[PDB]
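Enquirer: Would you mind keeping the following structure in view while I ask a few things?
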Amino acid sequence: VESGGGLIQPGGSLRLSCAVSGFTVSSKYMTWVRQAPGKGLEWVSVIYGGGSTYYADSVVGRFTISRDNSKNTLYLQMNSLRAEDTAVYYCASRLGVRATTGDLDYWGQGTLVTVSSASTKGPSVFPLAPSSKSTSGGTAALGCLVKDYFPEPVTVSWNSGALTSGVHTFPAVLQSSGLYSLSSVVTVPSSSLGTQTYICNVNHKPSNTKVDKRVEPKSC
Amino acid sequence: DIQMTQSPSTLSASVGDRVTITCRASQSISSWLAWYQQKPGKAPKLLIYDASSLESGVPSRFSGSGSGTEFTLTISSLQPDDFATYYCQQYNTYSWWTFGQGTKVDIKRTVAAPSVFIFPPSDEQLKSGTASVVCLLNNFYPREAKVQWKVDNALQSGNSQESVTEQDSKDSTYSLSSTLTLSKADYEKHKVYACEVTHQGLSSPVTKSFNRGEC
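Structural data, given as structure tokens:
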């Protein structure tokens, strides 16, 4: 599995490694392909069996691909990293020997790189209160906004796990601030809003944050 | 660079369907094109290369055709294992390979407009110096949905982010939350906060809004 990834501040450097067992790295072309969370595949760089190297515009001048045949390992030196380089990075190659130049039938497991200046920070847990604005056919929506935390992950439950159906805890988003945010919502019968309380439980182990937030209904 | 444009963005399908995805190149590339399959959290897998050659061990229900700029990937009878995202890739040039934006093949159901709800910031958050507004789109199909934020009629560009759930294993819908984030100070300077939603199940775009002071 690729390694050398992980967390790094903007302007910083990382060095990915892709150690391979099943074939020699130097008899083949090898490539790096990255994928931002929620996004598609972006080809990053290639090293051909003959030693030539090529780079996508977006990384040229910052990244260097290389291999050490002694250790049977491919590398990607990543310098001057920016937030937009946040992605899962895969090494890839082709094991079938054929006259073709560019298809990829071997892919590593992938390794996450996150580019953020953020330090560890516990979330603020804000209520998303039900009201007329969030009721429809006798069902009301409510939730919790779990904002500005770092790093991942957080866990969210409702009523300490007694309430699971109707719950949608959305994937977190890395904000332009370098902090994460997510929401968790649940739809319940509006007739229940006055007669029963809804609490979201947010745990963020890195910061030792454990918050229970009551989500009171609005009377408008 | 060569831009690869796939369509559709999501292909609705059922087990047994004959499914065809298209991929268009912005420059001619002969047959130098490959198709990949990818499931969430997993690495891609090669299906077809040189437009029409099967990677060995890939089921023969997968086929591809085209050469030049228009290419198709066909699954002749979709299997449960085939619900996934599919990417095309060109390697016409040694110097720069590019992928399409992907086509998600998901579980077909009837069209469902979202229920759209909007949540003003909590008074709680307002004391921290920031104000976030959330727009929830609940239980919609197909996946394509557009959220636009306006503050006193001004289009907001750069202070919002979106998150979507996986297809619901039970009702087969998606849900989406968008968060608009402003300073406390400018939040208290404006009045109307509006989430405009565009979705095929709506006859026209829907706007959910509130005035800051009211509830």
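The listed protein sequences correspond, in order, to chains H and L.
Under the authors' numbering, read the first sequence as residues 5 to 9, 11 to 30, 35 to 59, 63 to 72, 74 to 111, 111A, 112A, 112 to 231, first letter to last.
Under the authors' numbering, read the second sequence as residues 1 to 29, 36 to 58, 66 to 73, 75 to 81, 84 to 110, 114 to 234, first letter to last.
We treat Cβ as the ideally placed atom computed from N, Cα and C, and that holds for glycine.
Could you run through the region 121 to 137 of chain L and flag, in chain order, every residue whose CB is less than 7 Å away from some CB of chain H?
Expert: Cβ contacts with chain H come from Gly-121, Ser-134, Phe-136 and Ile-137.
Enquirer: Would you check if the distance between the CB atom of H:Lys-158 and the CB atom of H:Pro-182 is smaller than 8 Å?
Expert: It is not a contact, given that the beta carbons lie outside the stated cut-off.
Enquirer: Judging by CA-CA distance, which residue of L:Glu-163, L:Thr-184, L:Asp-56 and L:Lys-210 is the nearest neighbour of L:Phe-229?
Expert: Nearest option by C-alpha distance: L:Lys-210.
Enquirer: Could you give the residue range of the alpha helix (DSSP H) that holds L:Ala-204?
Expert: Its alpha helix (DSSP H) spans residues 203 to 206.
Enquirer: Taking H:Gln-90 and H:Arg-20 to be in contact with their CB atoms under 8 Å, please state how far apart those CB atoms are, rounded to whole angstroms.
Expert: Indeed they touch by this definition, with Cβ atoms about 5 Å apart.
Enquirer: With which residues is L:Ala-131 paired in a DSSP beta bridge?
Expert: Paired residue(s): L:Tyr-160.
Enquirer: Whose CA, out of H:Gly-109, H:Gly-16, H:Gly-17 and H:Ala-68, lies closest to the CA of residue 4 of chain H?
Expert: Because chain H is modelled from 5 through 231, residue 4 of chain H falls outside the range shown and cannot be assessed.
Enquirer: For a quick check, are the C-beta atoms of H:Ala-100 and H:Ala-45 less than 8 Å apart?
Expert: Going by C-beta atoms, H:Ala-100 is nearer than 8 Å to H:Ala-45.
Enquirer: Between L:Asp-98, L:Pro-96 and L:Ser-147, which has its C-alpha nearest L:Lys-203's C-alpha?
Expert: It is L:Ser-147 whose Cα lies nearest to the Cα of L:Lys-203.
Enquirer: For L:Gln-3 and L:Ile-21, which I take to be in contact (beta-carbon distance under 8 Å), what is that distance rounded to the nearest angstrom?
Expert: That belief does not hold up - the Cβ atoms of L:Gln-3 and L:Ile-21 are roughly 17 Å apart, past 8 Å.
Enquirer: Between which two residues does the beta strand (DSSP E) holding L:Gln-95 run?
Expert: Per DSSP, L:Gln-95 belongs to no beta strand (DSSP E) and is neither H nor E.
Enquirer: Would you decide whether H:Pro-141 is buried or exposed? Buried here means 16 or more other CB atoms lie within 10 Å of its CB.
Expert: That one is buried.
Enquirer: Could you check whether H:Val-53 and H:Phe-28 sit closer than 8 Å to each other, using their CB atoms as the reference points?
Expert: Going by C-beta atoms, H:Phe-28 is not nearer than 8 Å to H:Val-53.
Enquirer: Can you find a CB in chain H that lies within less than 8 Å of the CB of L:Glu-143?
Expert: At least one chain H Cβ lies under 8 Å of L:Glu-143.
Enquirer: With respect to the beta strand (DSSP E) encompassing H:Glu-51, which residues constitute its N-terminal and C-terminal limits?
Expert: Where H:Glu-51 is concerned, the enclosing beta strand (DSSP E) stretches over 50 to 56.
Enquirer: Alpha carbons only, please: which of L:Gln-180, L:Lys-189, L:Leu-67 and L:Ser-182 is nearest the one belonging to H:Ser-176?
Expert: Answer by Cα proximity: L:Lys-189.
Enquirer: List the endpoints of the continuous alpha helix (DSSP H) containing L:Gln-144.
Expert: Element bounds for L:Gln-144: 142 to 145.
Enquirer: Using 8 Å as the limit for Cβ to Cβ distance, is L:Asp-205 near chain H?
Expert: No, because no Cβ of chain H sits closer than 8 Å to the Cβ of L:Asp-205.
Enquirer: In the DSSP output, what is L:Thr-122 paired with across the bridge?
Expert: L:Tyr-102.
Enquirer: Would you say L:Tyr-102 and L:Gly-121 are within 8 Å of each other, going by their C-beta atoms?
Expert: Yes, the Cβ-Cβ distance between L:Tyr-102 and L:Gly-121 is below 8 Å.
Enquirer: For L:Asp-190, list the residues DSSP reports as bridge partners.
Expert: In DSSP, L:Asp-190 forms no bridge with anything.
Enquirer: In angstroms, rounded to a whole number, what distance separates the CA positions of H:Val-126 and L:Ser-66?
Expert: Each residue's alpha carbon lies about 39 Å from the other.
Enquirer: Which value, in whole angstroms, describes the spacing of the CA atoms of H:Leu-12 and H:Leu-185?
Expert: Going from the Cα of H:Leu-12 to the Cα of H:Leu-185 covers about 13 Å.
Enquirer: Just reading off the beta strand (DSSP E) that L:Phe-229 is part of, what are its end residues?
Expert: Run containing L:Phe-229: 225 to 230, per the beta strand (DSSP E) assignment.
Enquirer: Run through DSSP, which three-state label would H:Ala-96 get?
Expert: Helix.
Enquirer: Exposed or buried, H:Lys-84, counting other C-beta atoms within 10 Å across all chains shown (16 or more means buried)?
Expert: Under this definition H:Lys-84 is an exposed residue.
Enquirer: Just to confirm my understanding: we take H:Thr-180, look at its own chain, exclude 5 residues before and 5 after, and list those with CB closer than 6 Å. What are they?
Expert: Taken in chain order, the residues that qualify are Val-167 and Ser-195.
Enquirer: Can you tell me whether H:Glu-6 is buried or exposed, with buried defined as 16 or more other CB within 10 angstroms of its CB?
Expert: H:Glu-6 should be labelled buried.
Enquirer: State buried or exposed for L:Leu-52, treating a residue as buried only when at least 16 other CB atoms are found within 10 Å of its CB.
Expert: The residue in question, L:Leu-52, is buried, as its Cβ has 16 or more Cβ neighbours within 10 Å.
Enquirer: What residue does the beta strand (DSSP E) around H:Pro-138 start on, and which one ends it?
Expert: Start and end: 135 to 139.
Enquirer: Looking only at C-alpha atoms, which of H:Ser-147, H:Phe-137 and H:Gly-205 sits nearest to H:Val-213?
Expert: Residue H:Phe-137 is the option with its Cα nearest to H:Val-213.
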